[PDB]
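**Q** Here it is, the structure, as structure tokens.
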Amino acid sequence: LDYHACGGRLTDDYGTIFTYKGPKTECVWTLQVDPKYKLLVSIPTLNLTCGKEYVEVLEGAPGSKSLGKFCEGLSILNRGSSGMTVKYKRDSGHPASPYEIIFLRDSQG
Amino acid sequence: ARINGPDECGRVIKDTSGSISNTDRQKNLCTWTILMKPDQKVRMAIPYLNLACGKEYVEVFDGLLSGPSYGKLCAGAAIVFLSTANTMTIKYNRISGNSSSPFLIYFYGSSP
């Protein structure tokens with residue numbers, strides 16, 4: 001399903017997170033999946049205002065190991081486990097740029 | 001819900017969301033057309049595709065089988081598609097063979 005809220009614990013086989021347009025400057029989405037499977041996170045063609053905003057991928061819950069922070073990138077692909085979090089942050093006074101993050105339960109059948 | 005690929009060939013799926021499993025026992029030709037409410041667009045993703053290229057391929061059409069093709073594919077990860085209307089067709093085709101390369105197709109209605 002499609003998500004437009006500022007963060008939350010999402011459980012979905014195929015989810016697409018879109019730009020949250022509300023007043024909060026930081027949103028953190030924790031992705032859950034049946035632990036028997038791994039999560040595939042895809043952030044294709046990212047184009048944010050470097051310096052004013054970024055998307056950060058964490059190994060687990062907030063405070064866990066940060067895998068990377070980015071504002072641009074043709075393709076960023078990650079495979080993680082349930083509990084993995086995607087975080088978006090922007091500076092006050094900077095309107096959020098359009099983004100789209102895709103998470104999928106990685107399976108072949 | 002979870003559709004068993006082979007059982008649904010040639011039919012129109014009306015589920016707001018679900019998954020289609022190809023299975024390793026698919027027909028040589030199988031087509032599925034997803035139909036959503038008129039106000040919706042279909043979002044589809046294949047988490048992992050590794051078909052025996054040269055023998056198999058999957059093709060997605062924006063609309064029915066006569067609609068614009070997104071192209072034939074045989075491999076990939078996080079393959080995503082968005083239709084322009086409330087209908088989307090997926091076609092699995094295998095040139096010769098008995099076995100099929102398994103894969104999952106997730107889908108859901110995206111109402112803007």
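Ordering of the structure tokens sets the chain letters (A, B, ...), residue numbers begin anew at 1 in every chain, and ligands are numbered from 1 in the order given.
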Any idea which chain B residues end up within 12 Å of chain A if we count only C-alpha atoms, as a CSV table (one decimal) with N, CA and C atoms, in the first residue's frame please?
**A**
chain,number,residue,atom,x,y,z
B,1,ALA,N,-5.5,-11.5,-2.1
B,1,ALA,CA,-4.9,-12.7,-1.4
B,1,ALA,C,-3.8,-13.3,-2.2
B,2,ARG,N,-3.4,-14.5,-1.9
B,2,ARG,CA,-2.4,-15.1,-2.7
B,2,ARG,C,-3.0,-16.0,-3.8
B,3,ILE,N,-2.7,-15.6,-5.0
B,3,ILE,CA,-3.2,-16.3,-6.2
B,3,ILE,C,-2.2,-17.3,-6.6
B,4,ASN,N,-2.6,-18.4,-7.0
B,4,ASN,CA,-1.7,-19.5,-7.5
B,4,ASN,C,-1.7,-19.2,-9.0
B,5,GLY,N,-0.6,-18.7,-9.5
B,5,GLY,CA,-0.4,-18.4,-10.9
B,5,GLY,C,-1.1,-19.3,-11.9
B,16,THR,N,-8.2,-6.0,-4.4
B,16,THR,CA,-7.6,-4.6,-4.1
B,16,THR,C,-6.1,-4.8,-3.9
B,17,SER,N,-5.7,-5.9,-3.4
B,17,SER,CA,-4.3,-6.2,-3.2
B,17,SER,C,-4.1,-7.7,-3.1
B,18,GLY,N,-2.9,-8.2,-3.3
B,18,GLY,CA,-2.6,-9.6,-3.3
B,18,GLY,C,-1.2,-9.9,-3.8
B,19,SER,N,-1.0,-11.2,-4.2
B,19,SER,CA,0.2,-11.6,-4.7
B,19,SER,C,-0.1,-12.7,-5.7
B,20,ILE,N,0.7,-12.8,-6.7
B,20,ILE,CA,0.6,-13.9,-7.7
B,20,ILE,C,1.9,-14.7,-7.7
B,21,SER,N,1.8,-16.0,-7.4
B,21,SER,CA,3.0,-16.8,-7.4
B,21,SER,C,3.0,-17.6,-8.7
B,22,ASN,N,4.2,-17.5,-9.4
B,22,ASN,CA,4.3,-18.1,-10.7
B,22,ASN,C,4.4,-19.6,-10.6
B,23,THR,N,5.2,-20.1,-9.6
B,23,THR,CA,5.4,-21.5,-9.4
B,23,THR,C,6.4,-22.1,-10.4
B,24,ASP,N,6.9,-23.3,-10.1
B,24,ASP,CA,7.8,-24.0,-11.0
B,24,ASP,C,7.1,-25.0,-11.9
B,25,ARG,N,5.8,-24.8,-12.0
B,25,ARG,CA,4.9,-25.7,-12.7
B,25,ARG,C,3.9,-24.9,-13.5
B,41,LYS,N,-5.3,3.2,-9.8
B,41,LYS,CA,-4.2,2.8,-10.7
B,41,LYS,C,-3.6,1.6,-10.1
B,42,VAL,N,-3.0,0.7,-10.8
B,42,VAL,CA,-2.4,-0.5,-10.2
B,42,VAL,C,-0.9,-0.3,-10.0
B,43,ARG,N,-0.4,-0.7,-8.8
B,43,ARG,CA,1.0,-0.7,-8.6
B,43,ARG,C,1.4,-2.1,-8.5
B,44,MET,N,2.5,-2.5,-9.1
B,44,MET,CA,3.0,-3.9,-9.1
B,44,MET,C,4.5,-3.9,-8.9
B,45,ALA,N,5.0,-4.9,-8.2
B,45,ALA,CA,6.4,-5.1,-8.0
B,45,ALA,C,6.8,-6.6,-7.9
B,46,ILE,N,8.0,-6.9,-8.4
B,46,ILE,CA,8.5,-8.2,-8.4
B,46,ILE,C,9.8,-8.0,-7.6
B,47,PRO,N,9.8,-8.6,-6.4
B,47,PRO,CA,11.0,-8.5,-5.5
B,47,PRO,C,12.3,-9.1,-6.1
B,48,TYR,N,12.1,-10.2,-6.8
B,48,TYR,CA,13.3,-10.9,-7.4
B,48,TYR,C,13.0,-11.7,-8.6
B,49,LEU,N,13.5,-11.4,-9.7
B,49,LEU,CA,13.3,-12.2,-10.9
B,49,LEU,C,14.6,-12.7,-11.5
B,50,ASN,N,14.6,-14.0,-11.8
B,50,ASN,CA,15.7,-14.7,-12.4
B,50,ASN,C,15.2,-15.8,-13.3
B,51,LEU,N,14.7,-15.4,-14.5
B,51,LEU,CA,14.2,-16.4,-15.4
B,51,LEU,C,15.3,-16.9,-16.3
B,76,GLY,N,16.0,-9.3,-12.5
B,76,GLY,CA,15.9,-8.0,-11.8
B,76,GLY,C,15.6,-8.2,-10.4
B,77,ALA,N,15.6,-7.0,-9.7
B,77,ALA,CA,15.3,-6.9,-8.3
B,77,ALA,C,14.5,-5.6,-8.1
B,78,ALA,N,13.5,-5.6,-7.2
B,78,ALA,CA,12.7,-4.5,-7.0
B,78,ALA,C,12.1,-3.9,-8.3
B,79,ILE,N,11.6,-4.7,-9.1
B,79,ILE,CA,11.0,-4.2,-10.4
B,79,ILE,C,9.6,-3.7,-10.1
B,80,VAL,N,9.4,-2.4,-10.4
B,80,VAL,CA,8.1,-1.8,-10.1
B,80,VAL,C,7.5,-1.2,-11.3
B,81,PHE,N,6.1,-1.2,-11.4
B,81,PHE,CA,5.3,-0.7,-12.5
B,81,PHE,C,4.1,0.0,-11.9
B,82,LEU,N,3.7,1.1,-12.6
B,82,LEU,CA,2.5,1.8,-12.3
B,82,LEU,C,1.7,2.0,-13.6
B,100,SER,N,9.0,-24.2,-14.6
B,100,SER,CA,8.9,-22.8,-14.6
B,100,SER,C,9.9,-22.2,-13.6
B,101,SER,N,10.3,-21.0,-13.8
B,101,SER,CA,11.2,-20.3,-12.8
B,101,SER,C,10.2,-19.6,-11.9
B,102,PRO,N,10.2,-19.9,-10.6
B,102,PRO,CA,9.3,-19.3,-9.7
B,102,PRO,C,9.6,-17.8,-9.4
B,103,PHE,N,8.5,-17.1,-9.2
B,103,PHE,CA,8.6,-15.7,-8.8
B,103,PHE,C,7.3,-15.2,-8.2
B,104,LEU,N,7.4,-14.1,-7.5
B,104,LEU,CA,6.2,-13.5,-6.9
B,104,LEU,C,5.9,-12.2,-7.5
B,105,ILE,N,4.7,-11.8,-7.6
B,105,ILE,CA,4.2,-10.5,-8.1
B,105,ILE,C,3.3,-9.9,-7.0
B,106,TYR,N,3.7,-8.7,-6.5
B,106,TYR,CA,2.8,-8.1,-5.5
B,106,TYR,C,2.1,-7.1,-6.2
B,107,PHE,N,0.9,-6.7,-5.8
B,107,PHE,CA,0.1,-5.7,-6.4
B,107,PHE,C,-0.9,-5.1,-5.4
B,108,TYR,N,-1.3,-3.8,-5.7
B,108,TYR,CA,-2.3,-3.1,-4.9
B,108,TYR,C,-2.8,-1.9,-5.6
B,109,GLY,N,-4.0,-1.4,-5.2
B,109,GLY,CA,-4.6,-0.3,-5.9
B,109,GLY,C,-4.1,1.0,-5.3
B,110,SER,N,-3.6,1.9,-6.1
B,110,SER,CA,-3.1,3.2,-5.7
B,110,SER,C,-4.1,4.3,-6.1
B,111,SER,N,-4.8,4.8,-5.1
B,111,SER,CA,-5.8,5.8,-5.4
B,111,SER,C,-5.2,7.2,-5.0
B,112,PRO,N,-5.0,8.0,-6.0
B,112,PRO,CA,-4.4,9.3,-5.7
B,112,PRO,C,-5.4,10.3,-5.1
**Q** Got a sec to tell me which of chain B DSSP assigns to strand (DSSP E or B), as a PyMOL selection string?
**A** chain B and resi 2-4+11-13+17-21+29-35+41-50+53+56-61+69-73+75-82+87-94+104-110
**Q** Between CA of residue 59 in chain B and CA of residue 36 in chain B, what is the distance in Å, rounded to a tenth?
**A** 19.4 Å
**Q** Need to verify the contact set: range 17-22 of chain A, 10 Å, only C-alpha atoms, exclusion of same-chain residues closer than 4 positions in sequence. Can you return it as a CSV table (one decimal) with N, CA and C atoms, in the first residue's frame?
**A**
chain,number,residue,atom,x,y,z
A,1,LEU,N,0.8,-1.2,0.0
A,1,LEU,CA,0.0,0.0,0.0
A,1,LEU,C,0.9,1.3,0.0
A,2,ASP,N,0.2,2.4,-0.2
A,2,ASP,CA,0.9,3.7,-0.2
A,2,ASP,C,0.8,4.3,1.1
A,3,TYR,N,1.9,5.0,1.5
A,3,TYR,CA,2.0,5.7,2.8
A,3,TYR,C,2.4,7.1,2.7
A,4,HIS,N,1.7,8.0,3.4
A,4,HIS,CA,2.0,9.4,3.3
A,4,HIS,C,2.1,10.1,4.7
A,5,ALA,N,2.1,9.3,5.7
A,5,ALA,CA,2.2,9.8,7.1
A,5,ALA,C,3.6,10.0,7.5
A,6,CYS,N,3.8,10.7,8.6
A,6,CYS,CA,5.2,10.9,9.0
A,6,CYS,C,5.7,9.8,9.9
A,7,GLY,N,6.2,8.8,9.3
A,7,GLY,CA,6.7,7.6,10.1
A,7,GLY,C,5.7,6.6,10.5
A,10,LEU,N,5.3,0.1,9.9
A,10,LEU,CA,4.6,-0.5,8.8
A,10,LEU,C,4.9,-2.0,8.6
A,26,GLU,N,11.1,15.6,10.7
A,26,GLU,CA,11.8,14.4,10.8
A,26,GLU,C,10.7,13.3,10.9
A,27,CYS,N,10.8,12.3,10.0
A,27,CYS,CA,9.9,11.1,10.0
A,27,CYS,C,10.7,9.8,10.0
A,29,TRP,N,10.2,5.6,9.7
A,29,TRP,CA,9.4,4.5,9.4
A,29,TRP,C,10.1,3.2,9.8
A,43,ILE,N,15.3,2.8,-3.2
A,43,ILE,CA,15.2,4.2,-3.3
A,43,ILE,C,15.7,4.6,-4.6
A,86,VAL,N,13.8,3.5,8.1
A,86,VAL,CA,14.1,4.5,7.1
A,86,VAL,C,13.8,5.8,7.8
A,88,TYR,N,13.7,10.2,7.4
A,88,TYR,CA,13.8,11.3,6.6
A,88,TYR,C,13.9,12.6,7.5
A,95,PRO,N,10.9,23.3,2.4
A,95,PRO,CA,9.8,22.4,2.1
A,95,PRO,C,10.4,21.0,1.6
A,96,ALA,N,9.8,19.9,2.1
A,96,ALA,CA,10.2,18.6,1.8
A,96,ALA,C,10.2,18.4,0.2
A,97,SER,N,11.2,17.8,-0.3
A,97,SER,CA,11.3,17.5,-1.7
A,97,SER,C,10.6,16.2,-2.0
A,98,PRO,N,10.1,15.9,-3.2
A,98,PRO,CA,9.4,14.7,-3.5
A,98,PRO,C,10.4,13.5,-3.4
A,99,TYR,N,10.0,12.4,-2.7
A,99,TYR,CA,10.7,11.2,-2.6
A,99,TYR,C,9.8,10.0,-2.7
A,100,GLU,N,10.3,8.8,-2.9
A,100,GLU,CA,9.5,7.6,-3.0
A,100,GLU,C,10.5,6.5,-2.5
A,101,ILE,N,10.1,5.8,-1.4
A,101,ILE,CA,10.9,4.7,-0.9
A,101,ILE,C,10.0,3.5,-1.0
A,102,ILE,N,10.6,2.4,-1.5
A,102,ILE,CA,9.9,1.1,-1.7
A,102,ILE,C,10.5,0.0,-0.9
A,103,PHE,N,9.6,-0.7,-0.1
A,103,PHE,CA,10.1,-1.8,0.7
A,103,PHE,C,9.2,-3.0,0.3
**Q** Neighbouring residues of residue 63 in chain A were defined as those with any atom within 12 Å, considering only C-alpha atoms; residues of the same chain fewer than 5 positions away were excluded. Please report them as a PyMOL selection string.
**A** chain A and resi 28+56-58+84-87
**Q** Could you write out the selected residues, including N, CA, C and O atoms, as a short mmCIF file (atom, residue, chain, number, x, y, z; two decimals), in the first residue's frame?
**A**
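part_15.cif, written as the output of this step:
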data_model
loop_
_atom_site.label_atom_id
_atom_site.label_comp_id
_atom_site.auth_asym_id
_atom_site.auth_seq_id
_atom_site.Cartn_x
_atom_site.Cartn_y
_atom_site.Cartn_z
N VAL A 28 10.30 8.86 10.80
CA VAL A 28 11.01 7.60 10.87
C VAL A 28 10.02 6.44 10.71
O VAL A 28 9.03 6.35 11.43
N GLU A 56 18.02 8.50 5.53
CA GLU A 56 18.99 7.70 6.22
C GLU A 56 18.41 6.31 6.45
O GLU A 56 17.23 6.18 6.77
N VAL A 57 19.22 5.28 6.22
CA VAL A 57 18.82 3.88 6.40
C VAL A 57 19.51 3.32 7.65
O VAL A 57 20.73 3.40 7.77
N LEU A 58 18.72 2.79 8.58
CA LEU A 58 19.26 2.21 9.82
C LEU A 58 19.09 0.69 9.85
O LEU A 58 18.10 0.14 9.36
N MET A 84 13.99 -2.91 10.56
CA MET A 84 14.83 -1.94 9.87
C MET A 84 14.10 -0.59 9.77
O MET A 84 12.87 -0.57 9.60
N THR A 85 14.81 0.53 9.93
CA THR A 85 14.14 1.84 9.82
C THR A 85 14.72 2.82 8.77
O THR A 85 15.92 2.84 8.47
N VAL A 86 13.81 3.53 8.13
CA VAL A 86 14.14 4.52 7.12
C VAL A 86 13.79 5.82 7.80
O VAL A 86 12.74 5.95 8.40
N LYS A 87 14.68 6.80 7.69
CA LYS A 87 14.46 8.07 8.33
C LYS A 87 14.63 9.20 7.36
O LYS A 87 15.53 9.18 6.54
#
**Q** To one decimal place, how far is CA of residue 61 in chain B from CA of residue 91 in chain B in Å?
**A**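 One can read the CA of residue 61 in chain B to CA of residue 91 in chain B distance as 8.1 Å.
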**Q** Quick one: residues within 6 Å of residue 94 in chain B, only C-alpha atoms counted, chain neighbours fewer than 4 positions away excluded, as a PyMOL selection string?
**A** chain B and resi 28+55-56
**Q** Fewer than 5 positions away in the same chain doesn't count, so skip those; otherwise give me all residues within 8 Å of residue 32 in chain A, counting only C-alpha atoms, as a PyMOL selection string.
**A** chain A and resi 9-12+81-84
**Q** Go through B:14, B:90, B:66, B:7 and flag the residue nearest residue 38 in chain B, using only C-alpha atoms for the distances.
**A**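 Under the stated criterion, the closest residue is B:14.
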